[PDB]
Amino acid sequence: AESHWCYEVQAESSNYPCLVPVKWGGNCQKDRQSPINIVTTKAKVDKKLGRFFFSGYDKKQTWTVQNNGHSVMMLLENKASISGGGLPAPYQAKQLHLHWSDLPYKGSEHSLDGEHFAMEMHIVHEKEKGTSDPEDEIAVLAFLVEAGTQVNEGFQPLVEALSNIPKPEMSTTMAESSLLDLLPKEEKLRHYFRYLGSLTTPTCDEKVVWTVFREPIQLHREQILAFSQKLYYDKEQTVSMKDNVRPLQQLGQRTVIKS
């Protein structure tokens, strides 16, 4: 590898050389990659995909949030977990991070019926294994974010914290908030899409069971813009953090199912 991985926007916005997505190493060139476009009418209903159970999602916490140089990430340190969702085990929550742009019609990694959303939020969980690595070691819950004029009060603690972590490796503490504050209303999360894929940054390991919820989070345009306005890819603050999005990958011979 001749330089550090980057997103296209970083290569375009700086003279410092870096490895763009089509040139990424690791497992990034293998054939079960994410994100993908989901043709919603072609995903078959699987009745075994029931409701999710969220643990620790309703509890108010003061989360640590940090700029890791390619996103903003909340550290969930196993303080939450999930089960159900047609998942084979409970999964422990590790981190939450986001991908975004500064235009309403792009910013998501996945697309639904060829539509990208303003952001996409990933909550990353790790499988509770038994004795008897796997294709489903990691469960990522993906939520699409739609831009509008509705102020999302739940997001405010996160949005306000952004001012405090402009540069990579900076961390801060968010005001009291729960994970549910960040999500659509729980009852609306019964409809989701499911497929097997990869992590969307190097080394892009093919060990993710993906869930993409049908119901979008509503965020005000200016709450979304706060991400590109307050954050930077680099300590020199030369490239505002936005378009931290991997281009679409081919489904190949994989199948997408839905609840």
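All residue numbers are counted from 1 along the displayed sequence. Here, rigid core means the biggest group of C-alpha atoms that superpose within 1.5 Å across both forms.
Each structure in 8 other deposited structures of this protein is fitted to the shown form on the rigid core, and of 230-238 and 196-204 the C-alphas lie farther away on average for 230-238. For the pair 145-153 and 69-77, rigid core superposition yields a higher RMS C-alpha distance in 8 other deposited structures of this protein in 145-153. Of the other entries compared for this protein that flank it with modelled residues, a third or more give no atoms for residue 133. Where coordinates are absent for parts of the deposited sequence, a chain break appears; between neighbours residue 149 and residue 150 there is no such break.
Higher mean CA B-factor, judged across 65-73 and 222-230 from the recorded values: 65-73. Higher average CA B factor: 40-48, of the stretches 40-48 and 190-198. When the C-alpha B-factors of 92, 132, 111, 101 are read from the PDB record, the largest value belongs to 132. Within the listed group 174, 140, 145, 162, the record reports its top CA B-factor for 174. Sort the chain's modelled residues by C-alpha temperature factor and residue 235 lands in the middle third, per the entry. Residue 35: CA B factor in the lowest third of modelled residues in this chain (values from the PDB entry). Annotation for residue 167: CA B-factor lies in the middle third of the chain's modelled residues. Per the deposited record, the Cα B-factor of residue 181 falls in the highest third when ranked against the other modelled residues of its chain. When the modelled residues of the chain are ordered by their C-alpha B factor, residue 18 lands in the highest third.
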